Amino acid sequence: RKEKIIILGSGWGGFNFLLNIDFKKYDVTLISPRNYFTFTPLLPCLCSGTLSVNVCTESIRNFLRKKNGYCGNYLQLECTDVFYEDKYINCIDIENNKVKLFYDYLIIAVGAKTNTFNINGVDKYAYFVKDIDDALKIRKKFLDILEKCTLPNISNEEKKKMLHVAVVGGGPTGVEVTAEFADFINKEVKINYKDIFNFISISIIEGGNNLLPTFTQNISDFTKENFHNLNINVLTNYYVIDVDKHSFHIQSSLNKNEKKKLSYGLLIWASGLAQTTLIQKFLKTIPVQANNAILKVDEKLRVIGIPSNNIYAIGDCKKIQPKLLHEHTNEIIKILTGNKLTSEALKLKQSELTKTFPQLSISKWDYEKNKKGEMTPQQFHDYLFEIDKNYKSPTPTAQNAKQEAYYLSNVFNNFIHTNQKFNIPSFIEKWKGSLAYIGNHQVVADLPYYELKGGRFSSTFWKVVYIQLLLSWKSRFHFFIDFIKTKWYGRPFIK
């Protein structure tokens, strides 16, 4: 008669929650239509065949039996509805049979889905890069085109059109997918398809001026330079406005009147999140959240507007709306001991108060750039209000989904139904840095305190980092073997 936790989703949030939740203390069931976890950062490597599926996945059932002897459960179902008042969910199986399941706690970790921005033709003609199947269909399509263009029944003009790969999105995924194809094209493809090599082209399309815009400006410049040197067409300051079967249209970001029509053989849509239908439907059943576009949780990751406080959400499907500083001005004033309401006084209690208000974190509020002398209570109120307003929810990353999962599973293991049940601290994420592979052995990294901008050892750095991020020795084994395989025998052409 253990308390029942249902986890929705087998992704970065759901799977890492499963990995850490105590199966002895709780009865845990994970529910997802996907019976494996996907190591998403390595998906671009799958498009070119640099790494294989064994590196990029984990089967959920392999992690249901922990060392202590207590077990979790897994069900291959898609959740369609949540009924928070009666504490059950409705699911369907692959045959649309309905399943009803009761819970004591619900962890919503259903992620997000691809977003076409309703641009005509994108869903019909473009390839997304969101999961294992996506990457493999992309790889297979490219391989198919190479074989098709080796046939005698096609002209050089038609080849140039068919062998043009266009990647839409200048963020890390678009960049890495482009880099991986450029390497593949320049190495194995050049060797095995020498007669059509010269007709192959790649373009990357990005609305802003910078590839990798969330990295540093020096990294962006170096990335565009590396792409130029690789003869990739860098179409920064352009965005897609229409997609047809054999061509698409782009629009200048600098001149609204300038458009271009481009022929293509493979169109890859590397960008865009939208909310799952489950989340859209769930929102409308919570009065307080009825017209939200995204699920809001509080600073403890509890879904807002649930009287029972027994539904949580983590990862890409949620945004945090923390307890407001300015609704607790007087309490905070008393807490301040340096009696003189200054920003420095507040910062002096920031260790204690961040346990309640994550927006006070030095990672969330720049105290040095927002210093304030002595304030009246009303002015202090207004200041707290600015800190509230400034709070940024965790970015939609694997990094944050993983940290939230560990935080929350630890809360269930060591705080809930124990004498620390009222000492639960708020969630505050830690940025660990970002990495990107940008072609021809060059890796860039934007880390706390370091930037990496290519060089002979940058690819070594990437391997050292990722082998430690993999979640099993099996995957690490494959990670190592795949690089040996690729070095000695090259990328595979089997499709």
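The numbering used is simple: start at 1 and walk along the sequence shown.
Higher average CA B factor: 62-70, of the stretches 62-70 and 442-450. In this crystal structure, the stretch out of 409-417 and 134-142 whose C-alpha atoms carry the higher mean B factor is 409-417.
Based on the entry's C-alpha B-factors, the most elevated value among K100, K148, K187, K402 belongs to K100. For the set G373, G208, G171, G315, the PDB entry assigns the largest Cα B-factor to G373. Split the chain's modelled residues into thirds by C-alpha temperature factor. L212 is in the lowest one. Among the modelled residues of the chain, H326 sits in the highest third by CA temperature factor in this PDB entry. Per the deposited record, the Cα B-factor of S363 falls in the middle third when ranked against the other modelled residues of its chain. Remark: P394 belongs to the lowest third of its chain, ranked by C-alpha B-factor as recorded.
The entry lists a Cα temperature factor for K319 that places it in the middle third of the chain's modelled residues.
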